[PDB]
Amino acid sequence: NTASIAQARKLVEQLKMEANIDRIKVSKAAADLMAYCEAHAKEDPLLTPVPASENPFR
Amino acid sequence: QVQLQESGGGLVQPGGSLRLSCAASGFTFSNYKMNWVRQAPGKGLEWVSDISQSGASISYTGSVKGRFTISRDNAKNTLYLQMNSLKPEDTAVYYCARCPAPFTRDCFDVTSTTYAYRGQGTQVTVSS
Amino acid sequence: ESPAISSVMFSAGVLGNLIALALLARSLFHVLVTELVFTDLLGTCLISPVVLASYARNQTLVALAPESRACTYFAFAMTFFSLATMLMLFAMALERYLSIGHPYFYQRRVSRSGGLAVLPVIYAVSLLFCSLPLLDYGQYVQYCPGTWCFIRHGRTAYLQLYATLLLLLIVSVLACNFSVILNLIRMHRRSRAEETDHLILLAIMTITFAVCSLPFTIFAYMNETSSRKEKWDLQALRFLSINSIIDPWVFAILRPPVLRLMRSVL
Amino acid sequence: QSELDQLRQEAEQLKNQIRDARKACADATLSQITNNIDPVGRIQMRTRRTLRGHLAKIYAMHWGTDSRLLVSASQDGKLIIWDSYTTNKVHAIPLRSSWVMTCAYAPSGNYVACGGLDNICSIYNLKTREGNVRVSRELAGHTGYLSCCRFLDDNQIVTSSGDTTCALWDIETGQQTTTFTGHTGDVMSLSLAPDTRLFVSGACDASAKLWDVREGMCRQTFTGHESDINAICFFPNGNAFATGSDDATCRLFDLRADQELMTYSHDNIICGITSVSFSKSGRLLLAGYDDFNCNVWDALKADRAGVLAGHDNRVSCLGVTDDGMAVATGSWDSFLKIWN
Amino acid sequence: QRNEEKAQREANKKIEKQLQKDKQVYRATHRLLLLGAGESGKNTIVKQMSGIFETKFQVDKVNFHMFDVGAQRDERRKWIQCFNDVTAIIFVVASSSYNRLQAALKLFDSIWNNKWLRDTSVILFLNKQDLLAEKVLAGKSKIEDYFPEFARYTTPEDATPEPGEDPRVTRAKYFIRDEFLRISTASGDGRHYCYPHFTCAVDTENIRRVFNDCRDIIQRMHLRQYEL
Ligand SMILES: CCCCC[C@H](O)/C=C/[C@H]1[C@H](O)CC(=O)[C@@H]1C/C=C/CCCC(=O)O
């Protein structure tokens, strides 16, 4: 039943590939996401509304 | 990660007894309907038994009604199949399947050839 | 005469109508039921006050008000609302008949959007037929109880036309109701619940429409020498108002689910 | 039996190593360092437009990059292109197969893609000179239905299929340039990064994968959910994404920390998510549901901050404009609604 | 500026004009989903009756479009949600050929209890009836090895059989019918119905049965509107 051991080989090399990647701390990436969500806080017409003089759907 | 591990398979004499167990991890076991399916040598996957989220509704296939008994324990997330008075037509690889959606009464694809929420199976050979 | 029977068929009528409107706020059948109840309410509120009003101006002495002519409006409005509600009942009868009798044809060639159109056409036809006497054709007359005027006995073929119009409408409604009952019995004999409740409600509808709308049509033929002597025309006309009171009930309250609940109470 | 079990145990030890590395790189939760940020308050969006004209349920929708024109695919056999400002129908293309399940709109505005239960991606040309809109190409080669498709430019297109593989096609020749394999279930959605270098795919194996387009190999795998994944979308910056699944839960996965950072769920929510999208800033996560509603989640505090309740059937598709001004929703009651 | 506004209004008017004809032709046809359990030999009857095939027929000037999925993978819990607005799922059951009958029962039970197919009706054609007929007449091709409760089951005093039948073939057919009707009646979650029949490559009037069953389905769908 080579149709199973071959797929298991592909799986184990795929895990070997996905295993060796350097990861940053979760707090660092969380701070990055927060910095992005606050450096664009005023460019979000859904978060903070815009005056009716620039709403195209009024 | 949805993980299902079957245990308890092995060799048995005709008219014997077995108790397959299935340990589940990675999901809320209390929310899903569970199934026991099997594959015989030289055949396809066939449904054997199923039990609901609590245990109030329980169904078996034809050729195991009276002999097999399915049970579940949500305190430790385990599924059990007690097999009584086996026969040489029971030789198969048994799988513990979970059907894909929680809080539902229908379970579509537990018998398909490449279903994802199935286990690896335990061998059960009834020989003399 | 005392305002004991008139007051009840005003109060119960209006309360049943707006009550059935209350549940109509909380497809095409709704667009027909709401229009039927609206026409019933707007017909009672413009006829019952002027007759209730007459009692407290001069007891059994002033048929028409101090006005030079105060009941020609009553008669015209009474005829108009009669034709309006009879055509509005025929519309629902025919819609239900096409819905149960010819499903495929109804599945395509009938849509909800064209449902708002039906109420207005009814008003137009009724207003034309009731402005027909404005063209020097009919004449109104005051009746013996005094508080109600209507088309004059004979001297024209007008009452003939009104009676035969109501007769055609009644015949059509009864025919469509019987055809729907027959189709429901067929589809019950194909199933063996729901069509039980449907038969019960539809038979109630049919027997009520047949018992209290026929007396006016059968009184619009006889000679005015006998029925005016025994004061039966007023009751024959009151029988028409009973259906105007009833239709909101039997159409929006006593629904097949509600009747199944009532039969489960037993 | 022997080599098979040695290889299975090697794979299991590799999984243990990878999980240990993930847990090693995890020291503080997202909601542990963002707890003091000020909440978004209350988001009260209301319906501005309603686009009528479809006969059957709407399966897909896609905004144009000019933030004005919208495309929608219905299972009556219609592909309608609307002008959302004036609610005018700019185009109505009849489809050869009535069972369309997806549709796309090229970032140049010239072409439109659609596919479905016929396992074929039809490419229509909109800007034909002195002609109507006719099928430019037909991309065939998948073995299962097309679940999603997105343009990279006017020449390349990536499609998710029900045969568990993604495909990158060159439209001119009509051949598969690249085949992305690895999923063990029907791939239900995909999402292109802010740049056109990587994408993410979610499948019915409760797993999401990250694919490098230029090479054709899978970078990472994310295994947080516990049921079929129906929707997926990149965070605006491209270093995280979010998925919605059938276990009534949305999740925010991280690309550099290689794990899930936040879970969006409740107790009164027992319906699966059908579509997810981010606002322009990335602070709001809009998610459509099987319970006919949409929810606006504070993407950083995991609190629900509003509801978009205007549909009478299953909310099937969801899309935010590229300037962040409107939110189009499409449901199985044949109506498209713009919210603002 | 204004001229583009008016040209856009004109284009929208033409689009609506064509969409009206399209809506006219769309409401006239009835889409049916032909969903065989697999290995049912139903290719023969769909002959006499690449991702998806379509078959058009016409009964009493009413047009029916029947769809059959072709090159689709084995799992079907995702692409079947497209067929909830279908007027009928025609379910062809390969009764005798085996445990395919239990697989058909499980598929029917999953379709019956699904959240989205909870309002769609099922027309049930138990195909290959004569294969089962000779199988049970021979006394060798038994089904009780798969259904032990086949014995202790008596054909009711109702359920008129065909004069060209044996009591045991009628017994087997009605056993299968009751096995499906158990699932059909045990659940009241969706307002839908099941119309079980018997057919093979011998009866060629199956489109008349589909026509009558769709007529009844539409009648009961209309009868719903008069309530709340
Ligand atoms: C079938 C539809 C016909 C509708 C007729 C229309 O609604 C008539 C209005 C009714 C209303 O319900 C109460 C009422 O008094 C009106 C009838 C009056 C008849 C004369 C009463 C005599 C007396 O004052 O005693």
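In what follows, chains carry the letters A, B, and so on, assigned in the order in which the sequence lines appear, proteins first and then strands, with residues in each chain numbered from 1. Counting convention: from 1, in listed order, for ligands and their atoms alike.
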Kindly state each residue pair satisfying ring-ring contact (aromatic ring centres under 6.0 Å, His included) with at least one member in residues 11-43 of chain C, sequence neighbours excluded. C/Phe29-E/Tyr226
Do any pairs count as a ring-ring contact (aromatic ring centres under 6.0 Å, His included) and have a residue in residues 78-114 of chain C, sequence neighbours left out, and if so which ones? C/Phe80-C/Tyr123, C/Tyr97-C/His102, C/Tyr104-E/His30, C/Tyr104-E/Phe211, C/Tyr106-E/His222
For C/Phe129, enumerate each residue passing the ring-ring contact (aromatic ring centres under 6.0 Å, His included) test, keeping only those at least two apart in sequence or located in another chain. C/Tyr158
Do D/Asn293 side-chain atoms and D/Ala309 backbone N/O form a donor-acceptor pair below 3.5 Å? no
Where do E/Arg209 and E/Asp213 land on the salt bridge (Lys or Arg N to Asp or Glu O under 4.0 Å) test, with the steps shown first? CA-CA 6 Å; E/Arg209 297 193 188 119; E/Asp213 286 340; over 6 Å; no
Check ligand 1 against the protein and report each N/O to N/O distance under 3.5 Å, formatted as atom name, atom name, distance.
unit_1   : atom_1 : unit_2   : atom_2 : d
ligand 1 : 12 (O) : C/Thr44  : OG1    : 3.4
ligand 1 : 12 (O) : C/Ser241 : OG     : 2.8
ligand 1 : 24 (O) : C/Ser6   : OG     : 2.9
ligand 1 : 24 (O) : C/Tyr55  : OH     : 3.2
ligand 1 : 24 (O) : C/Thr147 : OG1    : 3.4
ligand 1 : 25 (O) : C/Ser6   : OG     : 2.6
ligand 1 : 25 (O) : C/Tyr55  : OH     : 3.2
ligand 1 : 25 (O) : C/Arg238 : NH2    : 2.7

Give a yes/no verdict on a cation-pi contact between D/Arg46 and D/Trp339, requiring under 6.0 Å between NZ or CZ and the six-membered ring centre and an angle within 45° of the axis. no
